[PDB]
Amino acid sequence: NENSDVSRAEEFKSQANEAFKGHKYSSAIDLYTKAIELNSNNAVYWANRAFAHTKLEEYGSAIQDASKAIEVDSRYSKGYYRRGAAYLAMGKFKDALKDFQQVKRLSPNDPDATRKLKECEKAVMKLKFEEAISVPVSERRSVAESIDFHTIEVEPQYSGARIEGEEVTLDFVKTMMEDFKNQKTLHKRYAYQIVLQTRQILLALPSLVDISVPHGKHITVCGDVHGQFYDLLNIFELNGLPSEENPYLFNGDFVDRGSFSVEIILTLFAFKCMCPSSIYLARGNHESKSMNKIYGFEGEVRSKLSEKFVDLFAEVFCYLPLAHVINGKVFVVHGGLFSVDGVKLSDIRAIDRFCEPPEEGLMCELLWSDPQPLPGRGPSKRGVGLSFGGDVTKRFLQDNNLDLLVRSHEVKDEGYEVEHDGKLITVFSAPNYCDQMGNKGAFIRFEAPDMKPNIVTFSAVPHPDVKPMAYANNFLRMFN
């Protein structure tokens, strides 16, 4: 059957490349799929759809597409290049080393092939040391055990904000945010005060927090912000600062990727210190030593804070709750649902969350999952977690007497998308993601008692000339 039309397939490829130039990666993937359907022996099509997949952080789909590209042409170096870029993007340095070994073997005198190979060799042995000294955080002394914040002297020439006494006050938070806005810094004493007080608050919280919004009051659910501090300031300017009267739920992924991650996490933690009922912080996948070590937050901390804040921030992130339930009706996780059925809220509440997210179990799945339009389950596009359909959402909701599922974790054009017949809503509060996506951000206000989700969208604001991934892993920087 010679029924493949190369002309129509090349028409789809150019259309997909045009959508690629315009950062319309989902449309590009669709057009590459149509191109592949009409011609599956062109490895360039597979490599391009893989490239578009990595742009959407769909690294599993990327690896699979690049693998089919390699299957088509053994000597197509761009297939191995794309697969290794996807592996490198998700931290699998050894697999990246394999694919970049192959990339050099094909083009043997190309300077960049040997360069990326020597780069990956340095990275894998560096990772060998890092992995050899890896110890579970629950078997380690807390940083709080060896640092009392009252002991830290503040030199009189420090011009930034000061916490007088034990209490974090709204006046200090406003001064801290204005200093952060002008690219100033907070003293180590007050950073330690904030983070150590936050450690106290979070460790006494269950893994699933029941949030009670009484009759007539409201709450704002926010999605990923990934270190875009100036868009966080925009959210607060458009919707009001966190307060007992105007509470916030931030659905994980506060840091990494964006280059103002320290300022966000210090602002969010301080608001929690000031009035705990004024803000609720769920955990994301990027509140993890695995992610922060390579995606910017850890390097941002080492630059603006010190090296002990790295372990302290990791420990505090391990204490973050995994989920929230608003008025016993609205279920808010970051990632999604699970590979098994019959999971009740009691199961989530009882999770021993004080560890780095494993590669298996309820914790990993609720932090990494994505919804799919078709019913059922399927392999994760990210290679971590799973894809769950509308039947999974509906069963979980009726099983738990819940009305709605709210989640984030995935970028959206308008900052939101309603799926699963109005039972799942993705919310994403990082507009113009990575300074290149061009999307709007969004947040959802919930007013009691009827709990109708009032979605509000917003656009990005300017910020100082600090490029994304600035403090991130060097090798991950020189791609995209």
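Throughout, we count residues from 1 along the sequence that is shown.
When the C-alpha B-factors of 437 to 445 and 450 to 458 are averaged, 450 to 458 comes out higher. Once the C-alpha B-factors are averaged per stretch, 74 to 82 and 260 to 268 rank with 74 to 82 first.
Highest CA B-factor among the listed residues (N292, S207, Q157, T220): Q157. Reading the B-factor column for the CA atoms of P276, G165, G91, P136 in the entry, the top value corresponds to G165. Compared with the other modelled residues of the chain, the Cα B-factor recorded for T185 ranks in the highest third. In the deposited entry, the Cα temperature factor of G335 places it in the lowest third of its chain's modelled residues.
Among all modelled residues in its chain, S346 ranks in the middle third by Cα B-factor. The deposited CA B-factor of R49 belongs to the lowest third of values across its chain. Per the PDB record, residue ranking by Cα B-factor puts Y319 in the lowest third of the chain.
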